[PDB]
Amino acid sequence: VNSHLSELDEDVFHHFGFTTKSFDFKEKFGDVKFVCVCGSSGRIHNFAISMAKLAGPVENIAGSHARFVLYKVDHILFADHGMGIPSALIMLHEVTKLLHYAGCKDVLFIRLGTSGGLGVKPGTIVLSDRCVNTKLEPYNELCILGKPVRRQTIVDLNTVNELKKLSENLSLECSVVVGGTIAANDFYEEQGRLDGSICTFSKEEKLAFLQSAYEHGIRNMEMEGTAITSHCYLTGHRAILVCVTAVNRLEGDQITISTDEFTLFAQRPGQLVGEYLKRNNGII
């Protein structure tokens, strides 16, 4: 626990647009044991109402001019985190502080994102069994006061296993695969795309990178994994990634699937996790 939080009479959650004085956190959020997050505010809101209908209109808890949205259904908190580790870390710091003030222990963070697939069919759900950087290292890197810091990523494998076994008892119109996940600090160059505004490498060099990743167990590629699975473990919580793929990066770079098909693909992680939450006291 950060000692300095006690010094504050009031703690302002700038990006969520509320403070500790806005409501009683223990009474408001104390029952929360699941936190579901994704890059889109619209999609996470769409997953939220889905859970609410299963449980029994979901209203935004966050402020009007806030950067992020915040929803609650029974023991589940819903929030968006934008794109990239820095933005995710903003969400992570303020949500985990929220859990602290609320008296929430051993909460499971679940990221429901989209990703580029490696050697898998588009629309495939990938359960990360590890989150690594572009060098396939199981760490998130930070620079604190100008000093280099590394924090190892820890995926909740027991929950991953339960999710995999659940998918076998379900009839989802897609595959559920357990495999590693690369987090990158860019959508184009760092992910080895050839169709960025800048490209300093060849197709051959690209495939050598992606193929090597695939043969190392990597099945998808996104932009927040290493932050989430490092931060939560360090704050006494658990984290998993449940991401659908929108393209097979071993074949292409472009997102060629239609807007409708993408929406349907993006809704697939919610199908699995939503059933998981229903069966694991996420909702009543």
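So that the term is clear: the rigid core is the largest set of C-alpha atoms that superpose within 1.5 Å between two forms. In this text, residue numbers run from 1 along the sequence as written.
In 4 other deposited structures of this protein, superposed on the rigid core, the segment with the larger root-mean-square CA displacement between 57 to 65 and 37 to 45 is 57 to 65. In this entry, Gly56 and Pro57 are separated by 1 to 3 residues of the deposited sequence that lack coordinates. Comparing 254 to 262 with 218 to 226, the stretch with the higher mean C-alpha B-factor in the PDB entry is 254 to 262. Averaged over their C-alpha atoms, the temperature factors of 73 to 81 and 109 to 117 are higher for 73 to 81. When the Cα B-factors of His237, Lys26, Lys33, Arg249 are read from the PDB record, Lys26 comes out highest. The PDB entry assigns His231 a C-alpha temperature factor belonging to the lowest third of its chain's modelled residues. When the CA B factors of the chain's modelled residues are split into thirds, the value for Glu168 lands in the highest one.
Among the modelled residues of its chain, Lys21 has a C-alpha B-factor that falls in the highest third, as given in the PDB entry. When the CA B factors of the chain's modelled residues are split into thirds, the value for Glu162 lands in the highest one. Annotation for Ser64: C-alpha temperature factor in the highest third relative to the rest of the modelled chain, per the entry.
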